[PDB]
Structures are given as structure tokens and as C-alpha cells.
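Take a look at the structure below.
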Amino acid sequence: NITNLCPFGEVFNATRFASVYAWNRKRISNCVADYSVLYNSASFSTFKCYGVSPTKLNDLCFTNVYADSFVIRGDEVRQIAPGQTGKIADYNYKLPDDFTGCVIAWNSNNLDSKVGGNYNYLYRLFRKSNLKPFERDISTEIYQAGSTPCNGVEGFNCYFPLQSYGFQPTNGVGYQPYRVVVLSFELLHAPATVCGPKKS
Amino acid sequence: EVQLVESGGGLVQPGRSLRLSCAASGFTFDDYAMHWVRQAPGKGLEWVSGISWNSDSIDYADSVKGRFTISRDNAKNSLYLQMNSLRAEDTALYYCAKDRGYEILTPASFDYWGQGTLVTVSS
Amino acid sequence: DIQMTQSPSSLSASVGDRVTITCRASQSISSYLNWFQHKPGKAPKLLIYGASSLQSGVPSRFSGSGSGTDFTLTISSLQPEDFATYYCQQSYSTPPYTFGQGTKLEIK
């Protein structure tokens, strides 16, 4: 009986995205969600859903939907997939083996590239161990890769974990920035709040 | 649906300063870059200066370096442009354009403009 | 520095004609060109951002194409509201936002 459009627009048509290690998350509920407009758009270079056909999102009903948005490198889009390992997969963002949802990615060289280099996007190089699926690492303590203490001092045996992408418009196709939005659909014994455009 | 109205056009002597403003009302001014464009009376468009979504990165054209100081006021949706030591070649028409992105030097173009304010540098 | 050039100088057509305006870049700009319609009586507008991406709010009659060092813009009909000057702007090289010269279009 609930009839209103939920805000897919400000999460897709946003001006500035978050970093790789500080990916955002938006709660979505009480929705008449229309996924046909997103699927029919040709602006997305990559659109892969795992376990669900994309045309059938209209008749399905879900309880809650999670939208996660960030920006990564061109070659690193392969790492956003279940059962994958890599610099970002192991240390920044992890997908469970039983992940259900869609992955959306498109090139964003027009906004996230600067002739002098866009350094507003960060990613983690080093950490003690791989992180469990669906958690965020925000602490920026200086890494322990040696014997000598840190005491808040940067130097040998004390490596800064975060690195910055050198995004420039003249970079190769692999080095171009890409904006990635992943949708995770969870269903359980709860009153569903995200349904599709169907007349009862 | 966006509005961009400027002010500060007039008649000044060479080497004298005058102050520009530009009012934005049809969009959200706090997350876009802004640029200033110059149109000579008998020539084509020319880029002058630009500022980021916040006062972090500022770039100037080569011919206007050390003379212009582009400002910004996110509180009331208004930017500024202080021109100092004006010469006779700066008697052109100045537009107040808006950038599609949030940075100054990006492959993003200028989507919306506004009617210019004509300035003259003569006695 | 990059030099941005306009092949046509002045063109004339009819209400049911079709003309093409071309703009040549000295150095490769990788499909990062923009086209602007500057009506001499008011503020200029934007028609096509990027090589062949058409901005919302203007008729789909206009169509752009080209990449590298060769570009072209075409108008299918030249309707009685299309008389203006068209500029091609590059946004890829170190000199920021270099504009090409004008191209007057008077239909007669």
C-alpha cells in the first residue's frame, strides 16, 4: 500500500564519492523501487548481478537494500566479486561468497581527473591481516612492518598504510577512475519494505 | 532554471581597480566549481580564472596572473572577482559560468552561463 | 601550448538544408571537445559536452562526432531559431579551456 519513490538519484547522480577504505552505506526502505530505468541506461560500462537476473528485479520484494558507493582504479574492478583476493579485496572491501545483489561501475574520468593529479581518493596498502566481509577500517595508525617502535613517528619500520591514486586525464584506460556502486539485497523473515511497481 | 546575474561593470581609468559579484539561485552553490570568461568586443571567448567547490585550488590565466583574485562566499551563494591594475585591453565582456564538476582543471565543461556585464577601460 | 582551429568561416543554408561545422585540434585531445552556441544577443549555451554526448535541454537534431585531432558538428535542418555562432573548446591540454574562433551561420 506504500507508494513513493525512494532516492536512487542522489546516490547515483552524486557530485563527490567516498574513498575506497571509507566507502559509504545508505539505508533503503519503504520503496516502490523501479530498477528498469537503471538497467536500461547505457551509461554503465559494467553491470553484473550474482544470483538474480537483472530484468526480474521488478517483481521481487526485499526487506532492506544497502547501497555502497566508492571510486577505484580501472584494473581493480575485477576485485569486486565474490571469492576474490587482491590489494583492495583483502585490505579495503570484501564480498561474501554468498553475496546476492548487483554491481554497477562506470568510467568517471570527466569528474575525478585533474591535470595536476586528484589526491582526494585514498586506499590502504598494508594491514596486519585480511578483514572479514562487510566491515570498514578507519583507524590510521602507522603500520608495524619492523622492530623499531613508532611512538607516532613516521620512518623505517613505521609505514603509512594509506596511498593516493594519481588520477590524471592523460592516464591509460587501466588507470582511469571508475565509480562503483554495489547493491546488496537481503531477504529473511521480516515484513518486506522494498517492492516493485506492481498493481495489486 | 538557474540564474546567474553579475554586477560591477562601468568606466575606469587604466591601472584602477573595480569589483565584480555574481548571484546564483537556481542550484546548490556549495558543491560546484565556478569560472570567469572574457569576451572581447571583436574576438572570441577566453578563459580567465576558476575556483573549486571550496577555496582550495585556484588557477589563473597566463595573461591575468598577479592581477586578479577570485573569491567565493558559500554562505549566500555568491562569488567575486577583484581585478587590479586594469589596462586598455581589459574592456571586454565578462561572463559568470558554472562548472559541471567540483574541481577547476577537469575534462568537465561549462554547462550554464549568465548574461555578462560590460566593462570599459578608458578616459 | 595547444592551437585550436576552425575550418569554416561563414556558412549559408536554408530552412530545409543540412550543413556540417568541423573543428580541428593541432594535438590529440582524446574526444574531450565541447560545442557552444553563442547567440549574440544573450548568454551562450552548451549543446554537446564530450565528443558525442548531447546535453539535456536542447533538441536531439544536433549530433557531434570525432576523436583525436579531427572533429565535426552537423545540423540536420537549420531551423529558423538556429542562427548563431558556434565555438569548439578543448579541455585536455595544460592551457586551460582553449576556445576556437567563431563560425557565423546566416541562413539565406
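Residue names in the C-alpha cells use chain letters A, B, ... in the order shown, residue numbers from 1 in each chain, and ligand numbers from 1 in the order shown.
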#### Entry: Those of chain B in DSSP helix (DSSP H, G or I), formatted as a VMD selection string
chain B and resid 29 to 31 62 to 64 88 to 90
### Message
With DSSP run on the backbone, what are the strand (DSSP E) residues within chain B? I'd like them as a VMD selection string.
### Response
chain B and resid 4 to 7 11 to 12 18 to 24 34 to 39 45 to 51 58 to 60 68 to 73 78 to 83 93 to 99 110 to 112 117 to 118 120 to 121
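If you look at atom CA of residue 52 of chain C and atom CA of residue 109 of chain A, they are 15.5 Å away from each other.
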Sorted by chain and rising residue number, list the residues of chain A at most 9 Å from chain C (counting only C-alpha atoms), each with its closest atom pair and distance in Å to one decimal, as CSV.
```
residue,atom,partner,partner_atom,distance
A:110,CA,C:32,CA,9.0
A:115,CA,C:94,CA,7.1
A:169,CA,C:92,CA,7.1
A:170,CA,C:92,CA,8.0
```
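Proximity to segment 71-84 of chain B at 6 Å, evaluated using only C-alpha atoms and with sequence-adjacent residues fewer than 6 positions away removed, yields residues 17, 18, 19, 20, 21, 22, 23, 24, 29 and 30 of chain B.
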### Neighbours of chain B in chain A at 6 Å, counting only C-alpha atoms, as an MDAnalysis selection string
chainID A and resid 110:111 113:114
### Query
Leaving out segment 135-141 of chain A and any residue of its chain fewer than 6 positions from it, which residues lie within 10 Å of it when counting only C-alpha atoms, given as JSON, numbers by chain?
{"A": [20, 21, 22, 23, 24, 91, 92, 93, 94, 95, 124, 127, 150, 152, 158, 159, 160, 161, 162]}
### Atom pair atom CA of residue 82 of chain A / atom CA of residue 131 of chain A: separation (Å)
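Computed distance, atom CA of residue 82 of chain A to atom CA of residue 131 of chain A, equals 14.2 Å.
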### 10 Å contact set for residue 50 of chain B, only C-alpha atoms, chain neighbours under 5 positions out, as a VMD selection string
(chain B and resid 33 to 37 57 to 61 69 to 71 81 97 to 99 103 to 105) or (chain C and resid 96)
#### Entry: Separation of atom CA of residue 18 of chain A from atom CA of residue 117 of chain A in Å
17.0 Å
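The smallest atom-to-atom distance between chain B and any of C:28, C:98, C:22, C:53, using only C-alpha atoms, is found for C:98.
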